[PDB]
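Overview (structure and organization)
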Amino acid sequence: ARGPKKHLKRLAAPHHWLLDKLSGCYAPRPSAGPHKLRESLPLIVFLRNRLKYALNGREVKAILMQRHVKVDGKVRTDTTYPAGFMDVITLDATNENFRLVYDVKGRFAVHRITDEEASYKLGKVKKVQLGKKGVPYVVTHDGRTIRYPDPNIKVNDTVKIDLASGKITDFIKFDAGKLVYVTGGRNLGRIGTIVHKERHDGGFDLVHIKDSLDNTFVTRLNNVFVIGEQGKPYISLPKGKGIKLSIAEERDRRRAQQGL
Amino acid sequence: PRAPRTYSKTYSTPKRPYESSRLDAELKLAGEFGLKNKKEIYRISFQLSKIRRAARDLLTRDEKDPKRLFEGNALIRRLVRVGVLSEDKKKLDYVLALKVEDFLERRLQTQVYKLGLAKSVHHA
Amino acid sequence: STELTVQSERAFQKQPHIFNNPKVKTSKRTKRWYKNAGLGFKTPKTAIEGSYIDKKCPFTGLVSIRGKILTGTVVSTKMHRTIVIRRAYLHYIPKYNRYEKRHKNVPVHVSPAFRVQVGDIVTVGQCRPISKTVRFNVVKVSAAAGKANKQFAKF
Amino acid sequence: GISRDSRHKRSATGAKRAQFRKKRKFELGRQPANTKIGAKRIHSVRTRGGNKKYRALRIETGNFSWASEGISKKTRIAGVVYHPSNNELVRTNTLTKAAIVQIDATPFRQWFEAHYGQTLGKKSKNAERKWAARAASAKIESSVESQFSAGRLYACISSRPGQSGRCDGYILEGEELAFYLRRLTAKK
RNA sequence: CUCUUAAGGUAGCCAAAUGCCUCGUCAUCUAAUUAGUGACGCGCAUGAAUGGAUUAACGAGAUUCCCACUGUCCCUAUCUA
RNA sequence: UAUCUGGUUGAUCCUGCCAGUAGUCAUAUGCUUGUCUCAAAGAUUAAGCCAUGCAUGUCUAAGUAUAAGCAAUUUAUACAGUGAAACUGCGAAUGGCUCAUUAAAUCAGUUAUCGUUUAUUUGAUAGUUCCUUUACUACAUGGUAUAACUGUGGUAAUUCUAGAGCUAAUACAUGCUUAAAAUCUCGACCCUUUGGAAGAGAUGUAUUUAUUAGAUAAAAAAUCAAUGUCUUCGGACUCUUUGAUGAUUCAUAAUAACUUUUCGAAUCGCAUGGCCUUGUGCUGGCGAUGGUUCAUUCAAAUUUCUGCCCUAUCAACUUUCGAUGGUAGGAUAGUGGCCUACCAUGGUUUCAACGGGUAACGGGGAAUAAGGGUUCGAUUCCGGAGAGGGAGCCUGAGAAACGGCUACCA
RNA sequence: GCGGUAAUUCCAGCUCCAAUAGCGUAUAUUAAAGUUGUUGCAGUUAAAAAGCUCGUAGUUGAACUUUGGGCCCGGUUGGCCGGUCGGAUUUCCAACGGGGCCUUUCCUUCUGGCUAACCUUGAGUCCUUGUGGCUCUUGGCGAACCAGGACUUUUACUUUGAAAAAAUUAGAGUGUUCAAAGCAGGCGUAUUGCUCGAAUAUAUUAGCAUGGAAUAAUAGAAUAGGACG
RNA sequence: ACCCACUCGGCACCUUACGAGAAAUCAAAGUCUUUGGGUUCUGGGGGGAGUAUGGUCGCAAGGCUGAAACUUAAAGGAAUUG
RNA sequence: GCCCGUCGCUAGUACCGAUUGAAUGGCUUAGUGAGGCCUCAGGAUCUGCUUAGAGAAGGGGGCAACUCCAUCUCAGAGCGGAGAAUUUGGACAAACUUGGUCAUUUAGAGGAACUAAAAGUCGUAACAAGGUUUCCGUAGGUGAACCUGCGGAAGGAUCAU
Ligand SMILES: [Mg+2]
Ligand SMILES: [Mg+2]
Ligand SMILES: [Mg+2]
Ligand SMILES: [Mg+2]
Ligand SMILES: [Mg+2]
Ligand SMILES: [Mg+2]
Ligand SMILES: [Mg+2]
Ligand SMILES: [Mg+2]
Ligand SMILES: [Mg+2]
Ligand SMILES: [Mg+2]
Ligand SMILES: [Mg+2]
Ligand SMILES: [Mg+2]
Ligand SMILES: [Mg+2]
Ligand SMILES: [Mg+2]
Ligand SMILES: [Mg+2]
Ligand SMILES: [Mg+2]
Ligand SMILES: [Mg+2]
Ligand SMILES: [Mg+2]
Ligand SMILES: [Mg+2]
Ligand SMILES: [Mg+2]
Ligand SMILES: [Mg+2]
Ligand SMILES: [Mg+2]
Ligand SMILES: [Mg+2]
Ligand SMILES: [Mg+2]
Ligand SMILES: [Mg+2]
Ligand SMILES: [Mg+2]
Ligand SMILES: [Mg+2]
Ligand SMILES: [Mg+2]
Ligand SMILES: [Mg+2]
Ligand SMILES: [Mg+2]
Ligand SMILES: [Mg+2]
Ligand SMILES: [Mg+2]
Ligand SMILES: [Mg+2]
Ligand SMILES: [Mg+2]
Ligand SMILES: [Mg+2]
Ligand SMILES: [Mg+2]
Ligand SMILES: [Mg+2]
Ligand SMILES: [Mg+2]
Ligand SMILES: [Mg+2]
Ligand SMILES: [Mg+2]
Ligand SMILES: [Mg+2]
Ligand SMILES: [Mg+2]
Ligand SMILES: [Mg+2]
Ligand SMILES: [Mg+2]
Ligand SMILES: [Mg+2]
Ligand SMILES: [Mg+2]
Ligand SMILES: [Mg+2]
Ligand SMILES: [Mg+2]
Ligand SMILES: [Mg+2]
Ligand SMILES: [Mg+2]
Ligand SMILES: [Mg+2]
Ligand SMILES: [Mg+2]
Ligand SMILES: [Mg+2]
Ligand SMILES: [Mg+2]
Ligand SMILES: [Mg+2]
Ligand SMILES: [Mg+2]
Ligand SMILES: [Mg+2]
Ligand SMILES: [Mg+2]
Ligand SMILES: [Mg+2]
Ligand SMILES: [Mg+2]
Ligand SMILES: [Mg+2]
């Protein structure tokens, strides 16, 4: 195809954006960024479809060029900047702070957080190596590369970051019985305290999970994000805390609220 | 390059085209409820046939199956909500037994007549 | 294969960058190198003992094994340092709800560490493109001789 | 131009494969450097991604390292005397990798006689200590010392001159020098 | 049906080195063909060891076309003995 | 949503096809045609041919303004507003269209890169540049040579351009620079021991080659050649540091050198302030463009496993002029018969190779409703291929590009 | 099959039927077709068993190798009861499943890490005449999988699960005035917000992961060149 | 040698029909819509036509392999009455 | 009654067939070989570095001697760069000429089938013991159906000494 593709069609956009079929022909193509294309949420989708703070995309360009919205500390004037899991969307006006974190059904949620919680972020180290000049570094799931980390910091651990300076304040290891956010698969958005890890030298370690409702499920180790201790997360979880009621359960809840 | 605007048809057509007994019973419905087409009867039989089909496919499962309960109650509750299914016979072995006049009974054509206000299915 | 007088080429054969200082009088006479392939495949002693020089060897050479691990029975040993195996499998035709015997032959490099002959079940491991057709390397022998020692003369 | 695809080139069954997809730029090949000796002349080639490759043609001096001695020198390249891929590279004195060349040997003599103080073939205060703290480590080798008389040492090319523009290698020693020696004289 | 014979030309084959009419008619090859070839056959007067039909191979045998080749020609010129 | 009916007979039961019957995201055509919503549409045949117009251009406080451009107000006699032209930078490799070729190809699911390139976005990353190192190198900043423009011109003709004269940079081409310390090589001397020394050079990153470190399968000893720290001078060396992977010659580091030396800011915009020995000294705020390496992201290229329609009136096929493999090299971003040289004789097939056909782009899917199936998919999404037919190639991160060039054929 | 002089078929009038903003025709294809038959055809005579036998490829192929008995743990429906202000769990009962044991019984295997469970018991005991009951450390369970070493007869099938685009299909919620659709929307202080959504399923060959060990293959110890230490 | 009873394996015949078939009839042509022991082969309305074409075997005659276009509403089987 | 073949008319389809017949498409030998790229050469002009003179400027700092960095301007000489036309040898390789091959088509005198087809002309082959029982294989023969030899079958006109 002679080159990089620069247009995203609708029906080809990731479904977790919840874009209607008609009313146009294309979806915003996420730019090059810290998060992958099919697991991000561009600022235009968040400022227009989620928050309803703009009607057109043309207004999204008008809001952004005024430094209003900031990401993880910096400004991010990009219209289709790819923002993804664990990030921070702050508005100086409206005094509003957001963090991108998944639903129970596999979508990014409008999750409002505190002013001071929005000053730090979590990040899963995806690889650690020995860089040039003998300086060992760690790289997190959003492109951040932090040099001079703790030696005990291994891959698949999670990391609490400063967001104001670049450095790491505290890390969490990948042991049995640790709070895990499932990022990927049809269990995307569940939260379930690691049970056991199937090894399988050569590929695709499995990781068994057990939420706060005595339910079990498995995902590939890549789709597991450690986020703390049993009942003790490190970020404010969204409503419903990722427990995945059945269709019959959800029907009862939504209809158990039936009196005006 | 637009998402294809989806569509579907709302009627079926009888195979035997000149079954005189079938034609008789059709005119009676058109004449009773004031229709202008055989398609106005074909549509209802088409809608009714799919409704039975879901019911048929559900009964072959085991009682109190997840899909059977969830989708079965929905079907029962929907038919009830529009007034086609009786309150007592409310467990889907009767929605299998539903017939055409039950659906014809709920049209704004008929309630407007049944509750006075027209004195004639065609004035309605 | 390679059988007798490893130094049998126009270019001198040697392991890359495995230097042997002649000033230091040694007893092994050639510093040799080998690795453990992985996945619990025993790196056979013939690879460590022997003095062949195959650079496509998964135990003494500069290839790596990664991806598919397959097994199959040996059907030709007529090529030098490389064989061809027949992997068989039944393929399902739904309309008839039955199967049919199919097969594919896979050309696979074989290090002179192993001594193979036709009939042997062998375990192969996928590596980089080795030749025009070879994409697998022999890594473990599961047969021995197909009951060859039990085919002697009269009692 | 040159294409490195396998889309031509009959299958393993020997079947004839139809042409699909006109030639691409990324499956391309280029022509050999066929680099000869003398009077330095290098041409840079612009390769995929903007990276340059330095195609050498007519190099005269390279950097050759005495392996067991721990040093490297930049010497004249005398000629090519043995090539395992093609004899025509020797007749034409063509420089490629794995060629067996001859080199100046005067930079390797000057270093040795200064480092050990022993004058291959046939006074300062600290220098006396150094030479004495050394050899007992200068019994270099029979068939490596007997090349210094002629003033040329056998060395193999380890660089890829058509790619880097370097003609580098290592003096031949031990078993490997024995090999190419046996070849060099039996067919002479 | 009729005259009539010893019997009244069968299988084949053809304007054939056998056909008068004849430069037969049809087709083909050509710009154009009393030529060539394939067909047709009430065939002046084809025809069965007076041998009929077919036929690979062979021919200083008769004939037709094509390729190559050329002073055979257009249209002549020049050299040697 | 599991149905049949008409036609062989003088009549009869069969076999059996023909006919009827219903549907078609199935084309056409005829007749008829009022309203709402909805909205496919030169695929089929001719990837046949094309008039004309349009479809690719683009500027921020922030690379270049002496328009002999407009505007004048407004601190501005280097510039300062706005701004044609033009340079520079970037984009034109996306998009849109078509379905010609294509049958182990494409494609789908599933793999691989410990087998490679990757503009860009994002996150990191640079005290080393000079010279035999006091009469010294522009750093308070080095060089011309050009467009536009001015003027003189040519041609029937074009997004043709020639000669002459100017002038810019984040164009082009050059070229300075900065702490401490350590380790290494040399060694002037002095004095003989167990030896140790004044100070001379070397040491950014990148490139190329060679050597080496990168332990760990559980524990101990003698000796050789060297040569390390501490002396309670027989001697000891006690604590001695180790990353990742299933796996490497991995990451990374060290040694000797190598290079027509990669990079290490001669750039711009707003502010203009501290601080004395008052030098217009020395410092200093915010963010813009950059810049090498690694990472990240957008990608790409190859790639494992298995799955294609009809065909034997295709049975043997493949190595001419690579067919299958080995060694070496060359070429590529890289693997590889990709190419070459040398050597070997291999590779596929009735479990259908090879060849032929396809009115064949593959897939998500579409039509038909007991089920099992049958038939179809040029065409709204994904992948591929192409741009009249072939081939070649410039630019560039990316093209074998065609609204880019060159050649041949039409 | 009608029409050759009373035409139930043609050309019309009349009247009538069918579908109806639609209706006919042509071509294709699907259903009807068990007339392509795996499900599921037929072959004495209707179309069809090679003249006969051998026979390779292919398909297929007898029976037999841990059965039977004992104990324990805890699950999900359904009953007779309701304790409670439609739904709840104990004890009583069946019923159908899962795990683990001992019966001569590899569970690959050693070397520690760990222990969840008792042969434990150290005191007694909330309390119904006590094995109904668990907090509870000092001799005494391996497998429940870590990681390091050392090895492993092969398969088919079946289970579950991961990995998995959207539109399409099936399907939930929602009164586009209905409906095809759409993915909306619904509530208020309708004068400075409240708020449910944007499900679920199929996704089948192959590949990966896991439970099963019937059925069907494969390999083993016979010139012992066998098996444990 | 013959007789009687039995039992294997033969070539057949007799009666029944539970059963099967369109019937004629059939201990297989049965144990099939209650449709599955293994396996081989052929047929798919009638003509055209076992013709054309190619391949191959044969001395020949001919054998084996073997189409289509077009045409057509029947051809056919068993039985019943004439 | 049914019914067979030659022969005759009208229409249609397919075949054989001199023309070494014709056309399209895909491969391809051999010869010829464009262009771009790579490469050996080339030097229209246009400058770098180095060597020295003649005429001036700027000063590391002296009473005479001493002496560096930049820049401009002409006789003339040592060792490299750029780069046009042109040009060597290459790989890639369109394309032209002449052939071969494969696939898809295809005209043709004439020849000979079949159908429409029912009938016409000549006979009576078949169906009744069809008036010589029928049919199969093979061989020869005859206007035509057909006849006859040899060996079969009953689907016979006989389940029977
Ligand atoms: Mg974008
Ligand atoms: Mg070989
Ligand atoms: Mg005769
Ligand atoms: Mg005659
Ligand atoms: Mg004649
Ligand atoms: Mg004559
Ligand atoms: Mg003539
Ligand atoms: Mg003539
Ligand atoms: Mg003639
Ligand atoms: Mg005459
Ligand atoms: Mg005669
Ligand atoms: Mg002759
Ligand atoms: Mg003769
Ligand atoms: Mg003649
Ligand atoms: Mg009739
Ligand atoms: Mg009748
Ligand atoms: Mg009668
Ligand atoms: Mg029909
Ligand atoms: Mg179209
Ligand atoms: Mg078209
Ligand atoms: Mg046409
Ligand atoms: Mg413009
Ligand atoms: Mg101005
Ligand atoms: Mg495109
Ligand atoms: Mg210049
Ligand atoms: Mg380590
Ligand atoms: Mg100031
Ligand atoms: Mg054969
Ligand atoms: Mg090779
Ligand atoms: Mg051969
Ligand atoms: Mg076949
Ligand atoms: Mg096509
Ligand atoms: Mg298709
Ligand atoms: Mg069918
Ligand atoms: Mg398609
Ligand atoms: Mg088409
Ligand atoms: Mg293209
Ligand atoms: Mg066109
Ligand atoms: Mg092009
Ligand atoms: Mg165009
Ligand atoms: Mg384009
Ligand atoms: Mg009348
Ligand atoms: Mg009348
Ligand atoms: Mg009448
Ligand atoms: Mg209709
Ligand atoms: Mg079945
Ligand atoms: Mg049948
Ligand atoms: Mg018969
Ligand atoms: Mg028959
Ligand atoms: Mg028989
Ligand atoms: Mg046979
Ligand atoms: Mg058995
Ligand atoms: Mg599954
Ligand atoms: Mg009976
Ligand atoms: Mg001709
Ligand atoms: Mg070359
Ligand atoms: Mg015919
Ligand atoms: Mg007839
Ligand atoms: Mg008669
Ligand atoms: Mg007769
Ligand atoms: Mg007779």
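Residues numbered from 1 in each chain as written, not as in the entry; some residues may be left out. Chains lettered and ligands numbered in written order. Part of a larger assembly, values for the part shown. Heavy atoms only, no water. Residues with missing side-chain atoms left out of burial classes, pairs and counts.

As recorded in the entry header, the structure was determined using X-ray crystallography to a resolution of 3.10000240787 Å.

1. Quick look at the layout of surface pockets
All names here are of chain A. The test is simple: Put plainly, a pocket is an open set of points on a 1 Å grid over the protein atoms alone with protein on both sides within 12 Å along at least five of seven lines, a cavity is a set where a 1.4 Å probe fits but cannot get out, and a lining residue has an atom within 4 Å of a point. Grid points are joined across faces, edges and corners, and a volume is the space filled by probe spheres set on the points. Only DSSP runs of H or I with at least four residues qualify as helices, and only runs of E with at least two residues qualify as strands; both kinds are numbered from the N terminus onward. We call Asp, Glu, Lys and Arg charged. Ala, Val, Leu, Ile, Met, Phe, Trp, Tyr, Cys and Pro are nonpolar, and the rest, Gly among them, are polar.
In this structure, the second largest pocket occupies an estimated 540 Å³ of space. Contributing to the lining of the second largest pocket are 20 residues, with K36, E39, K126, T183 and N223 lying nearest its centre. Those elements giving two or more residues to the lining of the second largest pocket turn out to be β8 (121–130) and β17 (224–229). Per-class residue counts for the lining of the second largest pocket are six nonpolar, eight polar and six charged.

2. Let's talk about the sheet that holds strand β14 (residues 196–198) of chain A
All names here are of chain A. Defined as follows: In this scheme, strands are said to pair when DSSP sees at least two bridges between them. Inter-axis angles, ranging from 0 to 180 degrees, are taken between N-to-C directions of lines fitted to C-alpha atoms, where helices are fitted over the stretch in contact.
Spatial strand order, β14-β15-β16: three strands in an open sheet with antiparallel pairing. Each edge of the open sheet carries a strand with a single partner, namely β14 and β16 (216–220). The mean inter-strand angle of the sheet, taken between neighbouring strand axes irrespective of direction, is 25°. By the bridge criterion, five bridges tie strand β15 (residues 206–210) to β16 in an arrangement that is antiparallel. Within β16, the position partnered with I209 by the bridge is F217.

3. So, a positive patch on the surface
Filter applied, for reference: Residues with no salt bridge and a relative accessible area higher than 30% make up the patches, which join like charges within 9 Å and nonpolar side chains (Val, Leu, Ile, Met, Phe, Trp, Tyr) within 5 Å. The Shrake-Rupley method, run with a 1.4 Å probe, gives the accessible areas here. Residue values count only the displayed protein chains as cover. In the sections that follow, a salt bridge refers to a side-chain nitrogen of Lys or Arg positioned within 4 Å of a carboxyl oxygen of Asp or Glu. Residues scored as positive are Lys and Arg, those scored as negative are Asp and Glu, and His as well as the terminal groups of each chain are ignored. By convention, the point assigned to a charge is CZ for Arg, NZ for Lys, CD for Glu and CG for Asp. Any residue under 20% of the maximum accessible area for its type is buried, any over 50% is exposed, and the rest in between are partly exposed; the area is computed with a 1.4 Å probe on protein chains only.
A contiguous patch of positive charge, built from C:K55, C:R66, C:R128, D:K97 and D:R160, is present on the exposed surface. The class for C:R66 is partly exposed, based on a relative accessible area of 41%.

4. Here we look at the domain arrangement of chain D
Residues and elements named next belong to chain D. Quick note on the threshold: These domain limits were set by an automatic method or by a database of domain assignments. Working rule for contacts: check all heavy atoms of both residues, and any pair within 4.5 Å makes them a contact. In this description, buried area is defined as the sum, over both parts, of the accessible area (probe of 1.4 Å) that is lost when the two are combined. For this analysis, a polar contact is any N or O atom pair within 3.5 Å, provided that within protein one partner can donate a hydrogen and the other can accept it, and provided that sequence-adjacent residues contribute only side-chain to side-chain pairs.
By domain assignment, chain D separates into domain 1 (1–30), domain 2 (31–105 + 152–188) and domain 3 (106–151). One C-alpha centre belongs to domain 2, the other to domain 3, and the line joining them spans 26 Å. The partner domain 3 presents 15 residues to the 19 residues of domain 2 that form the contact. For the pair domain 2 and domain 3, the two sides together bury roughly 1,500 Å², of which 65% comes from carbon and sulfur. Summed over the shared surface of domain 2 and domain 3, the result is six residue pairs in polar contact. If you list the elements that add at least two residues to the side of domain 2 that touches domain 3, you get β5 (61–66), β6 (71–82), β8 (153–157) and α6 (174–186). With four residues, β6 is the single largest residue contributor to the side of domain 2 that touches domain 3. Of the residues contributing to the side of domain 2 that touches domain 3, the split by class is eleven nonpolar, two polar and six charged.

5. A word on the packing of aromatic side chains
Note the threshold: For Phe, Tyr and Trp, where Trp contributes only its six-membered ring, two rings pair if their centres lie within 6.5 Å, and the inter-plane angle classes them as stacked under 30 degrees, edge-to-face over 60, or tilted in between. Two conditions define a charge located above a ring, namely a distance within 6 Å from the ring centre to NZ of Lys or CZ of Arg, and an angle within 35 degrees of the ring normal.
Applying the stated criterion to the full structure yields 15 aromatic pairs over all chains. Taken together, a centroid distance of 4.8 Å and an interplanar angle of 35° make the contact between D:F112 and D:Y116 tilted. Across the pair, D:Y116 and D:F112 agree in class, each one buried. The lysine or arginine in question, A:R99, covers the ring of A:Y120, its NZ or CZ lying 5.4 Å from the ring centre. Across the ring face of A:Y148, the terminal group of A:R147 is positioned such that the distance to the ring centre comes to 5.6 Å.

6. As for the protein's contact with RNA strand I
Residue and element names in this part refer to chain D. The condition is simple: Put simply, a residue is near a molecule or strand once any heavy atom of it comes within 4 Å of that molecule or strand.
With respect to spatial proximity, the complete set of residues near RNA strand I consists of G1, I2, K16, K23, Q31, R41, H43, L57 and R58. At the protein interface, 82% of the atoms of RNA strand I within 4 Å belong to sugar or phosphate. Between RNA strand I and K23 there is a distance of 2.9 Å, counted from a phosphate oxygen to a side-chain nitrogen or oxygen. The side chain of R41 places a nitrogen or oxygen atom 2.8 Å from a phosphate oxygen of RNA strand I.

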